[PDB]
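Naming convention: chains lettered A, B, ... in sequence-line order (proteins, then strands); numbering from 1 in each chain.
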Amino acid sequence: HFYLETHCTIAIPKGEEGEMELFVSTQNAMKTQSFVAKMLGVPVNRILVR
Amino acid sequence: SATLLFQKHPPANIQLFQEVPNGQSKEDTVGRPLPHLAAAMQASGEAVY
Amino acid sequence: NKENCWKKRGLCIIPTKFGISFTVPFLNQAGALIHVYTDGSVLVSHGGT
């Protein structure tokens, strides 16, 4: 692909109810959100992808 | 009584409220004494201000 | 009170009524936004804090 900006992710753990806010270079916030939730074992409504 | 030092008496607290309808679903918490959702995290210092 | 000279007790029962709503009509409006994600978990957002 050689997108000038390579893959990048910043993950911010809130420390509350498994909440996490992520800033990601992605075309798929939905899958990013569900995949992170699946790995963590928490409901999707706990993960925010921006 | 003018010579008596402050004396504290035993505290007594009674709360009266109404029970929810007999057959109300356990999943229906409206009317039940559900604790504040963030109480546990506030007690643990995990709640973020 | 008859038996005590330098200490006295008092008693009082009072009622109260408090009107509910903003007296300026336009502030009495509220919004909410709800999303149900594909795993069935629900995220609710509303104007209140």
Heavy-atom cut-off 4.5 Å, strictly under: side chain, backbone, both or neither for C/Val44 against chain A? neither
Are any of the side-chain heavy atoms of A/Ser34 and C/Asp39 separated by less than 4.5 Å? no
Is there a side-chain contact between C/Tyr37 and A/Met30 (heavy atoms, below 4.5 Å)? no
Could you tell me whether A/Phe35 atom CZ has more than 12 heavy atoms of other residues or ligands within 6.0 Å of it? no
Heavy-atom pair with the smallest gap, counting every atom of A/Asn45 and C/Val42: ND2-O, 3.0 Å
Tell me whether C/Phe22 at atom CZ has more than 12 heavy atoms from other residues, nucleotides or ligands lying less than 6.0 Å away. no
Once you round to the nearest 0.5 Å, how far does CG of A/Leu48 lie from CG of C/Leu43? 8.5 Å
